[PDB]
Every structure is written in structure tokens, then in C-alpha cells.
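Listed next as C-alpha cells is one chain, alone, in the form deposited in one PDB entry.
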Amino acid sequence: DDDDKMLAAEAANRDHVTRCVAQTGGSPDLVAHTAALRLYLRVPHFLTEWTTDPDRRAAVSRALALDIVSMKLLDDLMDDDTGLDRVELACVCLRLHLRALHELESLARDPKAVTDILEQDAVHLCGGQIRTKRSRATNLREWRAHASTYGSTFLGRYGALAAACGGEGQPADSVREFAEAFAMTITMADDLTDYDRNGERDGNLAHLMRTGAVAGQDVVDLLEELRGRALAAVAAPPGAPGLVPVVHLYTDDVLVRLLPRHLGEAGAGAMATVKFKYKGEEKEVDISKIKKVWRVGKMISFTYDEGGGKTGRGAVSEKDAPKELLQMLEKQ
């Protein structure tokens, strides 16, 4: 049912946005383009998760949807590659944005709160976007510094806005920290998806990965860092435990579905190995060399490839058996 709320909020946000876009005169095209922004349309649901009143929640949620979409249209306008009419984009972008300011301001805890948040880091956001397209990233550090502006800062502002407009019990800093961490996970997913869906290369993370400039394991660590930051934010009282599955879902999808498309054969960080003594020795073998493996009580017995058609042998306690070895077990 939390999943049913999510869907219904996304649908309500989609509705609010498309009606507003058609009434301003945008084509059925642009209308389809915006209704297609499913995550952008659902994110407002996550940002408003700390809002106790449901009537305020739905109102804040769609107001955020209006502005997030408007900013996405602005981005479409700067790249001019959607096929969409430049004029309807411009005009629809502005219109949604003014509607959003009106709605958010009508729900804010203070009359200056909305414009303070939008102004506070406008230079960081705007100059940051310019710099992102002016100097393509060539390593993880650069890719990350750029993504913290058009991804993190970008969504963080909406996080601050959700807290500013969501009545009582909103832990301002936490909603915003959730937003900035979640935005980066989402931005990464996007780069690794759009490498192909879109044909993107310069400054793109999937390209940097396929190119060697950034290593799989460092991407896993950043994803893990972002997961932890988001979980902590979501844990600060009064808590938004409903966001826990959400954070896992997105992080895990990047790890399980998207990374492999750019890392290949076991793109972790190191070929797993098994250590053991055999005939007074000290041996270590790559799970890749391992042929057969079976269990005798709590011991794990196996055979492997030494060099040529030279069959090696070994047995270890399961406690010293790397997960990878234990898997060939159940897989044998």
C-alpha cells in the first residue's frame, strides 16, 4: 500500500502537470514528454514523506512536481535535441515555474522561505551547470564534483522546499540531506542508462568506466556511501522509515542491473581467492581456477587447475571459504 500511495501520488502529479502544460498551449507532444517524466514526477512523493497532513502533502508534492519538470524543460531547451518546439518549451517552462512558486509560497512556513531557498545557492547551481558542460569530467572526482551541482544541489533545493512547505515536524536538514544523496544515486543510474538509451559519451560515467578512467570498485563505494548517507537522513527523528526500501531499491538496481553493463566479467575489485595449506605448503587459488567443490561436514573440499592439465587439490573449513567458493557449492 505504501507502494500504492507512491503510484497514486505519481499519477496525481502527472495529472497536475499535464493539465497545466496543455492549458498554457503546449502541444500533445510536450504533454506526452512531461507525462513521461516518471521518476521526476514521483520524487516529490519521497521529498514529502515527512509531511503528516495528507492534504498538505498532496499539495506540496504536485507543486514540487511542477517546478522540477519546469527545470527539466529548461535543460531540454538548452541542449535542443528533443525535437520539441523551442517556443512551447520556453513558455511552458516559465508557466509551470510560476505556478509552482505560487503554490509553494501558499504553503510555506514563511513568506520569504521559497525565494530564500531558490536564491541561496542559485550561483552554485547555475554556474555549476555551465561548468559541467564547459569542461567534461575525466575521472571520478570530477564527475562527482559536477554531479553535486546539477544532481545534488538541484534536488536538495526541492528537499529544503518540501521541509519549508510541509507544515510541522519536518527535519529540514535531513530531508535535504536525503535529497542530495538520493539525487546522486539517481544521477549515476541515469548516466549508466543514457550511455546507450541516449548515446552520451563526454563527461559520462559509463564512458569513463568503459574507457578505464574510473574503476568499478570506486563506483561501488560511492554508491555505498550515498546509500548510507540517505539511510542516515531518513533515520533522523521523527524518521521517514518508508524511504528505506526506496533507497535500497535504487541503489541495488544500479549495482545489480546497471554496473555489469559497463564492467563485464566480475567487475568488482579483485578476483576472489581461497587460501590453504597443502603438503606443508601455503597455497592461494583464484576461484576462477576451481573445478569441483563439495561439502564434508563443515569442511569444503575441492579440486582446481594448477598449470596445464595439472589437477590441484584442497580442503578448507567453510569459515575460511570465500563466499564465491561457497556458491559453486550450492551451484554444484
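Quick note: we count residues from 1 along the sequence shown, nothing fancier. Residues that one form lacks are left out of the comparison. Only the largest set of C-alpha atoms that superpose within 1.5 Å between the two forms is called the rigid core.
- Mean CA B-factor, 81 to 89 versus 68 to 76: the higher value falls on 81 to 89.
- Just going by the entry, 196 to 204 versus 133 to 141 on mean CA temperature factor gives the higher value to 196 to 204.
- Between the residues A35, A270, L39, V60, the entry's highest C-alpha temperature factor is the one at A270.
- The entry lists C-alpha B-factors for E119, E168, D191, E103, and the highest of these is at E168.
- Sorting the modelled residues of the chain by their CA temperature factor places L7 in the middle third.
- Ranked against the other modelled residues of its chain, the C-alpha B-factor of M209 as given in the entry falls in the highest third.
- Among all modelled residues in this chain, the alpha-carbon of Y278 has a temperature factor (C-alpha) in the highest third.
- In the deposited entry, the Cα temperature factor of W294 sits in the middle third of values across the chain's modelled residues.
- In this PDB entry, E180 carries a Cα temperature factor that places it within the lowest third of its chain's modelled residues.
Separately, the form deposited in another entry exists; it is not shown, and the next lines address it.
- Only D194, out of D194, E225, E119, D75, shows a C-alpha shift of 2 Å or more between the shown form and the other one on alignment of the rigid core.
- With a cut-off of 2 Å and the rigid core superposed, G167 has a Cα displacement that falls short of the cut-off between the shown form and the other one.
- With the core held fixed, the Cα of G128 is displaced between the shown form and the other one by less than 2 Å.
- After superposing the rigid core, the Cα of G242 is displaced by less than 2 Å between the shown form and the other one.
- In the other form, the CA atoms of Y195 and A32 sit closer together than in the displayed form, by at least 3 angstroms.
- Whereas the shown form places them at one spacing, the Cα atoms of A32 and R201 lie at least 3 Å closer in the other form.
- For residues common to both forms, superposing the rigid core between the shown form and the other one reveals a single consecutive run of 3 or more with all Cα shifts of 2 angstroms or more, at 194 to 203.
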